[PDB]
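Form deposited in one PDB entry, single chain, as structure tokens, below.
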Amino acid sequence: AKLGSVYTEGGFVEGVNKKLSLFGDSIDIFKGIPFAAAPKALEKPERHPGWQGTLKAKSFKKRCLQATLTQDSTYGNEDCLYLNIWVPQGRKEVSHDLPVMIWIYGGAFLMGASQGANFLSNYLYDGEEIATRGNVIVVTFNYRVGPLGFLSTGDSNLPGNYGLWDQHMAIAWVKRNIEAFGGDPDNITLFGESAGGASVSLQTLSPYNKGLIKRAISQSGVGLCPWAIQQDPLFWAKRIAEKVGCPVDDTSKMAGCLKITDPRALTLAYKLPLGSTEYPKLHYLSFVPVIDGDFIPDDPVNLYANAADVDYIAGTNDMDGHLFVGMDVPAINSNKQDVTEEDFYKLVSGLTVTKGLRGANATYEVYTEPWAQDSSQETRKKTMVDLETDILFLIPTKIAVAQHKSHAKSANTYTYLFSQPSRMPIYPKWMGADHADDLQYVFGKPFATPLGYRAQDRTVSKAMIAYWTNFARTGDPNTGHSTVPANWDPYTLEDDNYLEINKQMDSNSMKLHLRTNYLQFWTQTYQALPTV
């Protein structure tokens, strides 16, 4: 089957077709379809005007303007609002009424390309593997990151959340123009890790995506995360301003100015440290979503009515915050150096700032219940990893799923926990599933690039890819185009049952009550403490 030229709302598009099997199994590949007209700096997206005759969709366009390794904004260009579609094809004839799985990349909201990092055409987010096995259409798309993506003054002079709008624009395009590619319009599945996970959440919660999303999958990130919303945006708008020589004495004046400023300078004005800083790095992420009067109307925790009829899944990697706490504290040297009570306290202090010393010493105690002297440092270093994992991903997620469940009209909820430890020979032996370790497995990387992967890896990859895809089709992580090695039971507030995910996927896999106690300390105790 060869879809050849497809008829979008903008005109005919034409992409390759790749020979897979001999019994006619193929894969139509479309790279670079524009979903929106090149955006006006610090302005909402506008539909694409359309083209002349036929668009040669054969290559990944350029990512949105972003900083390289903060030394130069040497990446991407203001023009980047495109999407890449993967349609698996059948010998007898072209695919029809298939499920659709859109993917939202993540990079602290300040980084990212729809193609995903690569090495000699080995694109981290190549939706071929996931599409083939699943027999589902993979859609990856670009969106504005960095200041240009979410710069805000707090009020109508420059609301922010442009990046999200872009995301919403893609979805809207995939809703309208997917049937022509053979997809099922009324079966759109949003899925993404980190900022993407937070984005997945935000999109479902946003009243703008009313009837566009059918399924949703957040991973290592949810809207309720601390890093997922900017509480004081105007504090940072003023900063960029002073750097780009704009008037900081009035929002209207600022805005008018910023929109006129050279995007490269607007981008390179902000630089995340990544070095000895007084405060834990969470405090430096500045440009991320915010609450506005329309997209994200209220606090995400209050918007969950909207995702009521949106099947949902959310999970976390057991040691998700390891990455981060690494830079915050060089714990990882489970060799020479050793962390102390003071080093742990300081950490807790910096991570509790909102509630002050009251919340600080309280939290310290609750995380210091168990013990292990300097001789048994391992428990300490692990605890820090646990501290970060809790506030950064676990707890927010835990309240997200729980929250969804309570509000679900008719929508299955599920939660997981990627336990498959990292290969990273650098980290201490006690290392579990770090942040982003889930990615490769979800993308069939173990099958696309076998050498450098072993059975287990192909097993986890196959499992996850088995689940996501079944989910995308029916909503049940067990039902669809593939068989599941272990049954994924729908989440219940009572049991707080989660599917642990790793090599051994049998029956004991679905566990219950993952740190319900800390869910309690944060949701009930620490929360009651006064804001300082």
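Between two forms, the rigid core is the largest collection of C-alphas that superpose within 1.5 Å. The first residue of the shown sequence is 1; numbering continues from there.
**Q** Quick check on the record: does 103-111 or 289-297 carry the larger mean Cα temperature factor?
**A** Between 103-111 and 289-297, it is 103-111 that shows the higher mean C-alpha B-factor.
**Q** Which wins on mean Cα temperature factor, 346-354 or 165-173?
**A** Comparing averages over the C-alpha atoms only gives 346-354.
**Q** Among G90, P421, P226, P233, where is the Cα temperature factor highest, going by the PDB entry?
**A** In the PDB entry, the greatest C-alpha B-factor among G90, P421, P226, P233 is found at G90.
**Q** When you compare the CA B-factors of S194, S206, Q440, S334 as listed in the entry, which one comes out on top?
**A** The listed residue with the largest C-alpha B-factor is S334.
**Q** Could you tell me which third, lowest, middle or highest, the C-alpha B-factor of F521 occupies within its chain?
**A** For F521, whose C-alpha B-factor we compare with every modelled residue in the chain, the answer is the lowest third.
**Q** Test of reading the entry: by CA B factor among the chain's modelled residues, which third contains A455?
**A** For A455, whose C-alpha B-factor we compare with every modelled residue in the chain, the answer is the highest third.
**Q** Ordered by C-alpha B-factor within the chain, which third holds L55? Give me lowest, middle or highest, please.
**A** Top third by C-alpha B-factor.
**Q** Thinking about Cα B factors across the chain, which third does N478 belong to?
**A** Its C-alpha B-factor belongs to the highest third of this chain's values.
**Q** Ranking every modelled residue in this chain by its Cα temperature factor as given in the entry, which third contains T68?
**A** As the PDB entry reports it, the C-alpha B-factor of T68 lands in the highest third of its chain.
Absent from the display: the form deposited in another entry. The rest refers to it.
**Q** Considering only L323, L268, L282, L234, single out the residue whose C-alpha is displaced by at least 2 Å between this form and the one not shown after superposing the rigid core.
**A** So the only displaced C-alpha belongs to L282.
**Q** Is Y123 one of the residues whose C-alpha moves 2 Å or more between this form and the one not shown after the core fit?
**A** Comparing the forms between this form and the one not shown, which are aligned on their rigid core, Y123 does shift its C-alpha by 2 Å or more.
**Q** Rigid core fitted, then: does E365 show a CA shift of 2 angstroms or greater between this form and the one not shown?
**A** No.
**Q** Any CA movement of 2 Å or more for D299 between this form and the one not shown, core superposed?
**A** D299 C-alpha, core-superposed: shift of less than 2 Å.
**Q** Against the shown form, C-alpha atoms of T267 and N122 in the other form: closer or farther, for a change of 3 Å or more?
**A** They are closer; the C-alpha distance drops by 3 Å or more in the other form.
**Q** Having a change of 3 Å or more in the C-alpha distance between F393 and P280, I'd like to know whether it is closer or farther in the other form than in the form here.
**A** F393 and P280 sit farther apart in the other form.
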